[PDB]
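This report refers to the structure that appears directly beneath it.
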Amino acid sequence: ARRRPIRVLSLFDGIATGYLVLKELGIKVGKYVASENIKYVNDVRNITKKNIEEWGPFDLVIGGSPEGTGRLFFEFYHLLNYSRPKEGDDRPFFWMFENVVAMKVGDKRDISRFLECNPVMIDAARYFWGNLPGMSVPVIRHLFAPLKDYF
Amino acid sequence: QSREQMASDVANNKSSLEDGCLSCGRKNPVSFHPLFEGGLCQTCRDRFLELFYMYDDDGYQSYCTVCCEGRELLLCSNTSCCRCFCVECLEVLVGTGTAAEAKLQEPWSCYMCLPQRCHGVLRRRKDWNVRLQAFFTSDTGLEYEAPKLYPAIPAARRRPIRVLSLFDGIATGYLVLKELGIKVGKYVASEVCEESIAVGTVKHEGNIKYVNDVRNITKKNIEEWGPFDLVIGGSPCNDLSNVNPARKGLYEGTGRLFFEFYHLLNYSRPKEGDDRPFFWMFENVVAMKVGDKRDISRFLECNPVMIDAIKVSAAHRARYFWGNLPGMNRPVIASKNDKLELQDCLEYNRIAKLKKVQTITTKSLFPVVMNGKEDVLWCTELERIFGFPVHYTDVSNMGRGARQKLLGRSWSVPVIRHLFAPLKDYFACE
Amino acid sequence: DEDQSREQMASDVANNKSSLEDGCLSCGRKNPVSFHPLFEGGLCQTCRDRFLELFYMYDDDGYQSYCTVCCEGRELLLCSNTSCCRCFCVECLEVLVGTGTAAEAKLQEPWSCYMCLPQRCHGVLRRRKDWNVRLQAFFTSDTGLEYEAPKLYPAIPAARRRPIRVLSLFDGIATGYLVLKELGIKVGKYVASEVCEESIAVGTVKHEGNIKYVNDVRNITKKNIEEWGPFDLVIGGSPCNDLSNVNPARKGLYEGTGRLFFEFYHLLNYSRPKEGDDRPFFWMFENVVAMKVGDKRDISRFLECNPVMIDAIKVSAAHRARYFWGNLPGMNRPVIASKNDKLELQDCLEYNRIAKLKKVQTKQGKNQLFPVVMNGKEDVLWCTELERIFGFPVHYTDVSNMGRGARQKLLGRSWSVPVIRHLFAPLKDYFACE
Ligand SMILES: Nc1ncnc2c1ncn2[C@@H]1O[C@H](CSCC[C@H](N)C(=O)O)[C@@H](O)[C@H]1O
Ligand SMILES: Nc1ncnc2c1ncn2[C@@H]1O[C@H](CSCC[C@H](N)C(=O)O)[C@@H](O)[C@H]1O
Ligand SMILES: [Zn+2]
Ligand SMILES: [Zn+2]
Ligand SMILES: [Zn+2]
Ligand SMILES: [Zn+2]
Ligand SMILES: [Zn+2]
Ligand SMILES: [Zn+2]
């Protein structure tokens, strides 16, 4: 109990649907930093370590790619390492990635190896990831429905 | 805003060339030529950052020395000079009528082969030799912090350097370490080529623990192989280099293996609260695109240095050397035992037609004549140029096809010996 | 008595009605002019004249091309054991041992030759207890005429010695020069007649051009020798390409490369001195053992010498026997291995490499592909190992940026350092040393 509100470092807002579903979920946000209420920061190429140190911490990361996938994914990973908690910390942490199943198999092997986590698949299908307790807007609502347990 | 009126304006003894783009014409410049006096626009200096160190298959410079472009290029035929000029560049600056002058003047001498003055407006710099290297080393992207100075660990407490290596090749890193005298208490490798393992095993008495491919090393392997004290690494320089029209960038192709150096760099680097030294190293070809010189140094969070082998060897080798080695930005001093000239590496009763050999690719003019007969270089002479011991690749029945390809993607021994010199302040030598 | 089947003689020796030395061991004919060097028996005129030629013939995969007894290729049966390659044919096995044994022997897997097996009277094929010492003498004496023993030159005074003015006709890769330099004999001049441009590079870069070259041998006249003379030693060796019986379209002497023998003879006649002399003079020659006996007779008649036979396997780790003519002091001493001889294949390999055989013979798949095994994958010999096998100092042929085939071909047709060292050892007694 006694849970502070959420702060999500989203990415690839696009239509900014994720914020809409999060608001409809019945929980409030503390600070949202999006990049294509939403406090825009920069382009994807202009975020430094001291920036995340100053505005940290964070509790959510979002992927998304409906072209070179590595261009976006490796910056995503870069940040993901930036936002992840250091040693001696017990703060809850989340992450999540979205990618179409129509993709290279070697690509898939590489991303699975780099994220050090086995992937999951949800039919429409879209390749899915994420260290989150739980097992297309309806898909978004279904996925972040159980987010209210620890918040 | 053509260069025609710009040259006339500065010819009136009332204006300078640094207010405009010498190779581009437009005003609003950012920086200057390191070869002459003037300035360039922002989008026009980027192309000079890449193409300066290119060379053609004919042993001569690839593109223009003024504008770095040309449909046709007049070529200088002096002694070991490769600069090729542009057709329209000459008449804009030095004066009109030079098209038919150099055509009939055989041999032609370019403006860096003769004592030059303000011929037209071609004011060659008095000390362009020293200011050219600063055009490639000291740029300003984000001004990262100075390298952390690990405390100088004295003797009687230094462990043998537990080296790690990715894409080892022919154990170039191991060879230099034994030359310095640093005891290699453990040396993992990451080579996959069949012939490369043969060279590193028989020559080194089986002291190298060749293990496996890079894409199979998992998180658990490092803690059962470590702790490590250095992480060497050299990426495959064929993904995005300005020689293959494929143009497979860092984010698409075998350039993906750069992050695999960064990936394994995170596991090996010490956890928070520990106070032990941990050095690392990286290098790639200088002739890469614009959007990679800083991205690789952004993820690494460091400032690249540049070292050229022409000051310590008889070949043209200059690459970007990342890392935080102790005292790495110091100037490139030559060695007394260096084979500074080609004639110190040739066989008996052979003489050369050049002084410094230009770059060599998968396909090897002819730089040697013996007994008054025209010949080419031998595979046992390339080893002396790169500082390797003689009869080093004579293993596993390779002729000239493999002893040349395998030697064309290795590091210069006296160049690497420069960086690793201060490592004796942290590890037990001899 | 002569043209009958082998059954009569087999029964006669079975019924104690005759002796082993009465009939030919390979055809049954009478008149034992010689003795079989491996068993008890006799040879006729038309049998031993094809046993001096085809005994040292080997196949392309390291085996014997003809059976050990009849030397006729009708049907073969190979000794499966390694370190031995001698094989017996069908008729040579069935008649002289026992009927019905061929099928059982073929079904007997693995099979062993009777020489590998312990000696017993398996039929009438009794094995001589001193076969080797008699086989060695089978190839050197009892043939041809009895030429007068060469006269030894008088003992040269120790002080009055001069550097040797060699003329190494058909030098190759300066094998004789390498032996002389290693032996410790002062060379004051060294001529050479080679037309192999790659070999010129090897002889030039390695020995600092100390040897004065000459172009093709076919363009040398008397005046050249008059200018270059005197000559304290003449050396030569014919290219054993067309002389050997390996090629079906063999020409032998008097044709092709055989004619070069006449060039060597003329060059030796020109360079040898005149009457009323005291200058020491020595010469030498070499050709393969496997050649026609008639050509060997003509060569031995022209030169007036009885050739000796030296087999490299007694000091080296290879199969190589070749004839030696010449005049040197003591060409038929018993050979002894040196204290630094690489006698077995194990001493001529790389690191992390293991040798399975012990002495290598001179379709390259699954049979010759397995001389050396590394990490469970058997492979072939390297050039750096051939250089060690042949006795040359290591890293010798690696010039002119040539790879595997050129190096091995250039290495396969040369001499061996220990054999020529043994031959040239007594030469320190006439010329200046060190
Ligand atoms: N996936 C992979 N795993 C291990 N090695 C690889 C590899 N992909 C390429 N390599 C090898 O890595 C080498 C990089 S070239 C670098 C040579 C070496 N680092 C030196 O400077 O001496 C290439 O020759 C290639 O054969
Ligand atoms: N027509 C010719 N004239 C002169 N030399 C010849 C020749 N044909 C072949 N040769 C040389 O004769 C040599 C035969 S190899 C035999 C030479 C010596 N036993 C050694 O190898 O050390 C070859 O090296 C070849 O270069
Ligand atoms: Zn410009
Ligand atoms: Zn130009
Ligand atoms: Zn020039
Ligand atoms: Zn007979
Ligand atoms: Zn037979
Ligand atoms: Zn046998």
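Where a number appears in this text, it was derived from the coordinates with a stated rule and is not lab data. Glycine gets a Cβ as well: all are built from the backbone with ideal geometry, and neighbour counts include every protein chain shown.
Structure values in brief
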quantity: 37 °C / 0.692 mPa s Stokes-Einstein diffusion coefficient of the protein assembly as shown, Kirkwood radius on C-alpha pairs, µm²/s; calculated: 90 µm²/s
quantity: Long-range HN-HN contacts of C:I310 with modeled amide H, under 5 Å; calculated: C:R322, C:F324
quantity: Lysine-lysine proximity count for the stretch A:17-148, Cα under 19 Å, sequence distance 8 or more or distinct chains; calculated: 13
quantity: Over the stretch C:55-138 - Rg/Rh using Cα atoms and the Kirkwood inverse-distance radius; calculated: 0.94
quantity: Using alpha carbons only: equivalent-ellipsoid semi-axes of the stretch C:221-337, gyration tensor based, whole Å; calculated: 26, 21, 12
quantity: Rounded to 5, the percent of DSSP beta bridges in the protein assembly as shown classed as antiparallel; calculated: 65 percent
quantity: Model label zone, B:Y267; criterion: amide N under 20 Å from point 7 Å along Cα-to-beta-carbon; scope the stretch A:98-129; calculated: A:107-119
quantity: Global form of chain A, assessed from the alpha-carbon gyration tensor, a/c cut-off 1.5; calculated: rounded
quantity: FRET efficiency, 1/(1 + (r/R0)^6) with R0 30 Å, evaluated for C:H207 and C:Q368 via beta carbons; calculated: 0.35
quantity: Dipole moment magnitude, nearest 20 debye, chain C about Cα centre, only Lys, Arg, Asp, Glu C-beta charged; calculated: 1020 debye
quantity: Fewest-first sequence of B:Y174, C:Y265, B:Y262 by Cβ atoms within 10 Å of each Cβ; calculated: C:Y265, B:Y262, B:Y174
quantity: Shielding by partners, peptide B:393-403 (average Cβ within 10 angstrom, other chains); calculated: 4
quantity: Spin-label model distance (nm) - B:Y392 vs B:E301, 7 Å beyond Cα toward Cβ; calculated: 3.6 nm
quantity: Additional length obtainable on full extension of the chain from C:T221 to C:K181, 0.36 nm per residue less Cα span; calculated: 11.5 nm
quantity: Inter-label distance for A:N118 and B:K356, nm, one decimal - labels placed 7 Å from Cα along Cα-to-Cβ; calculated: 5.9 nm
quantity: Listed peptides C:33-43, C:110-120 by packing density, highest first (mean Cβ within 10 Å); calculated: C:33-43, C:110-120
quantity: Against the rule of thumb 2.2 N^0.38 Å, how large the Cα Rg of the stretch B:1-82 comes out; calculated: 1.21
quantity: Quarter of Cα convex hull surface for the stretch B:273-430, i.e. mean projection, nm²; calculated: 13.0 nm²
quantity: Mean projected area (nm²) of the alpha-carbon convex hull when the stretch B:156-240 is viewed from all directions; calculated: 6.8 nm²
quantity: Compactness index (Cα Rg / 2.2 N^0.38 Å), the stretch C:159-434; calculated: 1.05
quantity: Rough spin-label spacing in nm, given labels placed 7 Å along Cα→Cβ, for B:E145 and A:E54; calculated: 1.5 nm
quantity: Of all DSSP beta bridges in chain A, antiparallel share, percent nearest 5; calculated: 75 percent
quantity: Antiparallel content of DSSP bridges confined to chain B, in %, to 5; calculated: 70 percent
quantity: Charged-residue dipole, Cβ positions (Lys, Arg, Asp, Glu), the stretch C:278-389 about Cα centre, Debye nearest 20; calculated: 320 debye
